[PDB]
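Down below is the structure, laid out as structure tokens.
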Amino acid sequence: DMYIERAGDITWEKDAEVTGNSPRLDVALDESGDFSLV
Amino acid sequence: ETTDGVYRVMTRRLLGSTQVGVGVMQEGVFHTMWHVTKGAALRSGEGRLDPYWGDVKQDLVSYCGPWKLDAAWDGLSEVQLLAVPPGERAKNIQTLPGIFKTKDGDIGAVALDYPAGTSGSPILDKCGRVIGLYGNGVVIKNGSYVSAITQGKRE
Ligand SMILES: O=C(NCC1CCOCC1)[C@H](Nc1ccc2c(c1)CNC2)c1cc(Cl)cc2[nH]ncc12
């Protein structure tokens with residue numbers, strides 16, 4: 001059986017770790033909800 | 001517990017207590033990714049959550065009521081992933097999304113590498129609104145994971 005525990009509030013925190021890139025990818029979504037690169 | 005906020009999705013079927021995913025409780029409705037729960041009922045303390053809506057292709061599922069998240073990424077602003085990693089405290093990571101160009105239109109993409117058990121973590125806009133859920137995406141050349149910004153439809 002599965003269960004849930006609270007992890008926190010949903011708010012935007014100022015001065016948070018700013019990391020990550022913005023790639024532009026060509027992808028395909030199949031019938032099983034799976035993405036794959038084109 | 002029907003309290004608004006982000007939640008951990010846990011299981012006791014595997015070794016010890018394993019985190020399989022994450023979800024959002026808003027307006028008495030629990031939202032997560034289909035691949036996390038497979039549509040199975042959830043336990044919330046003494047209480048229980050039954051599924052209400054789901055779609056394998058959209059990889060989404062809502063519990064106790066219809067999908068409630070209607071905010072969308074504006075295509076310009078930086079967003080924040082509220083990542084809840086297994087065994088770790090919830091953490092806000094600010095990023096500028098990329099794009100998933102598909103045959104049916106474009107959708108935002110967050111390029112943040114996190115363990116599988118973090119699938120279902122909300123992506124937020126500057127007003128603190130949930131614009132989508134992280135955890136359905138693809139692995140690219142350098143082995144880095146790029147998730148889509150998965151959002152459902154609100155009636
Ligand atoms: O988005 C994902 N991509 C993996 C493949 C899942 C199926 O083929 C294409 C990519 C992972 N979740 C997932 C697992 C099964 C299914 C779905 C999504 C939706 N369909 C079924 C995941 C999510 C996260 Cl947060 C960190 C991760 N690291 N490695 C994997 C992975």
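Chain identifiers are assigned alphabetically (A, B, ...) following the order of the sequence lines, protein sequences preceding nucleic acid strands; residue numbering begins at 1 within each chain.
No donor-acceptor pair under 3.5 Å is formed between the side chain of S32(A) and the backbone N or O of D34(A). Here the side chain of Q151(B) pairs a donor or acceptor atom with the backbone of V130(B) at under 3.5 angstrom. Panel note: side chain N136(B), backbone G33(A); a donor-acceptor pair is recorded below 3.5 Å. In this structure, the side chain of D59(B) engages the main chain of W34(B) through a donor-acceptor pair within 3.5 Å. The closest donor-acceptor contact from the side chain of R6(A) to the backbone of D4(B) lies under 3.5 Å. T2(B) places no side-chain N or O within donor-acceptor distance of the main-chain N or O of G28(B), the cut-off being under 3.5 Å. Distance alone, capped at 3.5 Å, is enough to place a donor-acceptor pair between the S147(B) side chain and the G135(B) backbone.
By the 4.5 Å heavy-atom criterion applied to side chains, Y52(B) and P66(B) are counted as neighbours. Taking the side chain as every heavy atom from C-beta outward, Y3(A) and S17(B) approach each other to under 4.5 Å. Looking at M33(B) and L60(B), their side chains come closer than 4.5 Å, going by heavy atoms from C-beta outward. Within the 4.5 Å cutoff, the side chain of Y63(B) has heavy atoms near those of the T37(B) side chain. The shortest distance between side-chain heavy atoms of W67(B) and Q58(B) does not fall below 4.5 Å.
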* Can you check side-chain contact (heavy atoms from CB on, under 4.5 Å) on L29(A) and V27(A), steps first, answer last? -> CA-CA 7 Å; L29(A) 178 59; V27(A) 290; over 6 Å; no
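In terms of hydrophobic clustering, with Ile, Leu, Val, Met, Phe, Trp and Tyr side chains grouped at heavy-atom distances under 4.5 Å, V24(B) and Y134(B) are assigned to different clusters. No path of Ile, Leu, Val, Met, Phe, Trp and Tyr side chains, each step under 4.5 Å between heavy atoms, connects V79(B) with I10(A), placing them in separate hydrophobic clusters. Residues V146(B) and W73(B) are members of separate hydrophobic clusters, defined by side-chain heavy-atom contacts under 4.5 angstrom among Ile, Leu, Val, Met, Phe, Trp and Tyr. In the hydrophobic cluster analysis, where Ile, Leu, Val, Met, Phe, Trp and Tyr join through side-chain heavy atoms closer than 4.5 angstrom, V56(B) is grouped together with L42(B).
Taking all atoms of both residues into account, the shortest heavy-atom contact from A71(B) to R129(B) is CB-CB, 3.7 Å. Between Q19(B) and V22(B), the shortest heavy-atom contact is NE2-CG2, 3.7 Å.
The neighbour count for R154(B) CZ, taken as heavy atoms of other residues, nucleotides or ligands under 6.0 Å away, is above 12. The number of heavy atoms from other shown groups lying within 6.0 Å of CZ (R48(B)) does not exceed 12. A 6.0 Å sphere centred on NZ of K126(B) holds more than 12 heavy atoms belonging to other residues, nucleotides or ligands. The 12-atom threshold is exceeded at CG of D50(B), counting heavy atoms of other residues, nucleotides or ligands nearer than 6.0 Å.
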Mind listing the side-chain donor-acceptor pairs of residues 107-123 of chain B below 3.5 Å, one per line with the distance, residues two or more places apart or on another chain?
from: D113(B); atom 1: OD1; to: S144(B); atom 2: OG; distance (Å): 2.6
from: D113(B); atom 1: OD2; to: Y145(B); atom 2: N; distance (Å): 3.0
from: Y114(B); atom 1: OH; to: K91(B); atom 2: NZ; distance (Å): 3.1
from: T118(B); atom 1: OG1; to: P115(B); atom 2: O; distance (Å): 3.0
from: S119(B); atom 1: OG; to: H35(B); atom 2: NE2; distance (Å): 3.3
from: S119(B); atom 1: OG; to: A116(B); atom 2: O; distance (Å): 2.3
from: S121(B); atom 1: OG; to: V84(B); atom 2: N; distance (Å): 3.3
from: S121(B); atom 1: OG; to: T118(B); atom 2: O; distance (Å): 2.8

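Looking at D125(B), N92(B), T95(B) one by one, the single match for side-chain hydrogen bond (donor to acceptor under 3.5 Å, both in side chains) with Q80(B) turns out to be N92(B).
A distance of 12.0 Å separates CD1 of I4(A) from CE of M10(B), quoted to the nearest 0.5 Å. Atom NZ of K68(B) sits about 8.5 Å away from atom CD of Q26(B), to the nearest 0.5 Å. For the atom pair CD1 (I149(B)) and CG (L81(B)), the distance works out to 9.5 Å, reported to the nearest 0.5 Å. Within the model, atoms CD of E78(B) and CG of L96(B) stand 5.5 Å from one another, a figure rounded to the nearest 0.5 Å.
Here ring pair (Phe, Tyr, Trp, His ring centres under 6.0 Å) pairs that include residues 79-106 of chain B, with residues two or more places apart or in two chains, are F35(A)-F100(B).
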